[PDB]
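Okay, so here's just one chain, in structure tokens, the form deposited in one PDB entry.
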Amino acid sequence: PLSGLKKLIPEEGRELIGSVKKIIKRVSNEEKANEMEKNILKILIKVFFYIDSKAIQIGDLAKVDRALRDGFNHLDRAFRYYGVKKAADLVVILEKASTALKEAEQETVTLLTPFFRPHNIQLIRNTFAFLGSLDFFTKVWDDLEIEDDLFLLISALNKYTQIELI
């Protein structure tokens, strides 16, 4: 099943992936949501094992971690204006988040390429490309019945920015 997949993930990872999956299921579709959750789960498990086997150091994720935190912060600044403006009016903050997430993608690919086979690399590009697209943020912020689900996601991203990775 899938219960053994999520157990090797910290609780903050389960919360974040759960809220993300809810969001994808709202704006996109169910198969896209389960696909993205399988992707993030596989990536995170393989990374955690690559660090536990000392194949890579914890500092090797410094740039990925920084870019992820910056994208999450930009998504918080944009979440401040949810329900008061449209996604086209908030294009600045959201494209800042998208650029940060693209940096996170490129550094993740840079780090994991000597280990993954090319299919898992393309899986990285697909996951980051979908979850970090400005069209994705545009669809989320324009949707009306998400404030409840988006609040859980932003709250999950906030407490990741509190766990300093060092």
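One rule holds for the numbers: they count along the sequence shown, beginning at 1. In this text, rigid core is short for the largest set of C-alphas that superpose within 1.5 Å between two forms.
Two stretches are in play, 51-59 and 108-116, and the higher mean C-alpha B-factor belongs to 51-59.
The stretch with the higher mean CA B factor, choosing between 140-148 and 15-23, is 140-148. For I93, the recorded CA temperature factor ranks within the lowest third of the chain's modelled residues. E31 sits in the highest third of its chain by CA B factor, as recorded in the PDB entry.
This next part talks about the form deposited in another entry, which is not shown.
Here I146 counts as shifted, since its C-alpha moves by at least 2 Å between the shown form and the other one after the core is aligned.
Note: the CA-CA distance for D148 and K22 contracts in the other form relative to this form, by 3 angstroms or more. Here's the thing about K25 and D148: their CA atoms end up at least 3 Å closer in the other form than they are in this form.
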